[PDB]
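One chain follows as structure tokens, the form deposited in one PDB entry.
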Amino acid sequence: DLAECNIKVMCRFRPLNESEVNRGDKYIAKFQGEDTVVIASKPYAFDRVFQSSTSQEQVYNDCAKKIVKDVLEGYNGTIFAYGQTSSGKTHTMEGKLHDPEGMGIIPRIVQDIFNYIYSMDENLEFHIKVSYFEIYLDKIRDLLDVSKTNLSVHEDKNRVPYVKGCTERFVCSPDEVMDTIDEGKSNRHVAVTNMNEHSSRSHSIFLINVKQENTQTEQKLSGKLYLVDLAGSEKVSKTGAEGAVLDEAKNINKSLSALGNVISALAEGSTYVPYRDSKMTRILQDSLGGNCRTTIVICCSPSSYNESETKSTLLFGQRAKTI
């Protein structure tokens, strides 16, 4: 209702890696202005385009800073990291959790929430609760409690969605939150044979609920910020058991396609948005579109080898036609 589709898209290119250089790949991305990248002669503009040496600090200031303010202002928000595997999603969303320079968006957000709280501490009473869960094969598992598997989405008395039985943990300091993230990351290995395969094919969702009440004013505020590290958008090249010399069978991830439809619908100014297309979009319903701010950071390898995948990513990001 604020502006309808408050979706910003930033494209982040990472440096060519040693494997790409070793392979003999070339840097195909050309840049123009602070918002356009050129691939195969075709220009793609976005809210911003980050070249290969952009800092975690620049990404946070341009992509998340304002959203954090909105959450403290009492609004909901969502920030996504989209792209093929090895593009830079995790580096962007979390990076080095404890390195002041190398930390990603999540650490910097936590840092800013508490710092803000510390500068308040007068008449405002805060309460921060976090949740950490993953979506694999359109099934939800609690990363804070590995017994909570295949959870279901439900809507409460006031339409607000929630994951039935998902752990909600009250945190009181940045360190408590990082410990929570660290626990979730360790818990994730449970019942997973191949973590590489699993991580690239699943979605991590970290929720930060910031509630506050001014003891004097009495006006209460509550904001939810969902931080999402999506599954790899590259469906192609699925190796394994199937038609040996005859295969090309694999779809686009259910949640990614559901997200695509939701973003396109919002971009079109449609009154009906297809949130029900997936558990992910259903849970995110009260924080995606509407009167919520949303930043999607599409990450890309500048490699000649990943040219076609990059095109796809760029195209996905374009679903949110801005003006």
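Just so we're on the same page, rigid core means the largest C-alpha set that superposes within 1.5 Å between forms. Each residue number is its position in the shown sequence, starting from 1.
Beyond what is shown, the protein has a form deposited in another entry; the following relates to that form.
Measuring CA movement between the shown form and the other one with the rigid core aligned, the set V68, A29, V273, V59 has one residue at 2 Å or more: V273. With the core held fixed, the Cα of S287 is displaced between the shown form and the other one by 2 Å or more. Shown in the overlay between the shown form and the other one, fitted on the rigid core, is a CA shift at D156 of 2 Å or greater. With the core held fixed, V262 shows a CA shift of 2 Å or greater between the shown form and the other one. Between this form and the other one, the CA-CA gap for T271 and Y75 widens by 3 Å or more, being larger in the other entry. Expansion of the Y75-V273 CA spacing by 3 Å or more is recorded in the other entry, set against this form.
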